[PDB]
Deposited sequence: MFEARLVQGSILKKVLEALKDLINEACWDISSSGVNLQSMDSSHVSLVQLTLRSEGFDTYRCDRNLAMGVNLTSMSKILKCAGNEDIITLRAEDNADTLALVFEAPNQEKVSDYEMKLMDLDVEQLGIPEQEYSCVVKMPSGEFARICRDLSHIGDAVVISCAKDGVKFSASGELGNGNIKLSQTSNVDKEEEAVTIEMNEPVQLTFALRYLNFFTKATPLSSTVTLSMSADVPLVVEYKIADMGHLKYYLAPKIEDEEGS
């Protein structure tokens, strides 16, 4: 028997809006430690990693470890039925997932039973390594940058140095250059210059409501890490394969 109560229903609503546009089906791994999700996209080019620590939930119980095959689109539709102030309860047994929406400002109780599915997908393991550059900046600033450069080109050249960070794009209309100065903080070991598809970055930036800040971890010839810390509850990480150069 699994039962997790989250007072901040919005968190789960936002988490699902951040995922649904990148992945349609993902396996939700439940354990005594908390909720874990690790899935790669349809184009096999980006990877999502969600971690919601049990300590982040008001109530958390997990008798047996579950691996629920969820259709993120269906779960999103269900979560859209939850009010922005609702207390969300997740309850599952070792066939379906039950979502209960307790409304604070009313005597209304919503109870949804979502059909699960069997997911035979590619499981990939990410070793936590050290990056040559780690940029921490306002999530909104980042989302604006990615959206802006999208009007100029398809790829973004992220150049990270001691001074600041630079994002550039080129297209048929001309070229663009956004230079940020060191709140923006840089934990650089070696300077890095990497090229990434803006298409994918703009899917990642859908996690913007989750955090006031975003962190970009870069090391040469390795995927980018765009992390959104949830609220001491956990995080949501997006990995993006760099462009062959």
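Chemist: Wait, which stretches of the deposited chain are just not there in the structure?
Modeler: Those stretches are 95-96, 185-193, 257-261, listed in order.
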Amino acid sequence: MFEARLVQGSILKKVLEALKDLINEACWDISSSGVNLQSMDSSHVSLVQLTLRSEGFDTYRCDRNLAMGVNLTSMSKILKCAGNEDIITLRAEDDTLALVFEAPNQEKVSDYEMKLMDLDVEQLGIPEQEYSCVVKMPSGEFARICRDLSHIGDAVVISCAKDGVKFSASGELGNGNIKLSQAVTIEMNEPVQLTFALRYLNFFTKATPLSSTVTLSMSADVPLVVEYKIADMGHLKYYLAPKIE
From here on, numbers count along this sequence of modelled residues.
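Between two forms, the rigid core is the largest collection of C-alphas that superpose within 1.5 Å.
Chemist: Which is farther from the shown form in 6 other deposited structures of this protein in C-alpha RMS with the core fitted, 114-122 or 150-158?
Modeler: After superposing on the rigid core, the more displaced stretch in 6 other deposited structures of this protein is 114-122.
Chemist: Which segment is farther from the shown form on average in 6 other deposited structures of this protein after a rigid core fit, 183-191 or 197-205, going by CA atoms?
Modeler: Once the core is superposed, the stretch further away in 6 other deposited structures of this protein is 183-191.
Chemist: What stretch has the higher average Cα B-factor here, 210-218 or 55-63?
Modeler: Averaged over C-alpha atoms, the B-factors run higher in 55-63.
Chemist: According to the deposited model, is the average Cα temperature factor higher in 135-143 or in 98-106?
Modeler: The entry gives the higher C-alpha B-factor average to 98-106.
Chemist: Going by the entry, which of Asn202, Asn177, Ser32, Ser46 has the most elevated CA B factor?
Modeler: Of the candidates given, the C-alpha B-factor peaks at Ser32.
Chemist: Choose from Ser76, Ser168, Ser150, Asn84 the residue with the greatest Cα B-factor as stated in the PDB record.
Modeler: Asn84 has the highest C-alpha B-factor of those listed.
Chemist: Splitting the chain's C-alpha B-factors into thirds, which one does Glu25 fall into?
Modeler: Middle third.
Chemist: Lowest, middle or highest third: where is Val156 by C-alpha B factor in its chain?
Modeler: It belongs to the lowest third of the chain when residues are ordered by C-alpha B-factor.
Chemist: Taking the entry's C-alpha B-factors for this chain, is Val15 in the lowest, middle or highest third?
Modeler: Lowest third, going by the recorded CA B-factors of the chain.
Chemist: State the tercile, meaning the lowest, middle or highest third, of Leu6 with respect to the CA B-factors recorded for its chain.
Modeler: Middle third.
Chemist: If you rank every modelled residue in this chain by C-alpha B factor, which third holds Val226: lowest, middle or highest?
Modeler: For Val226, the deposited C-alpha B-factor lands in the lowest third.
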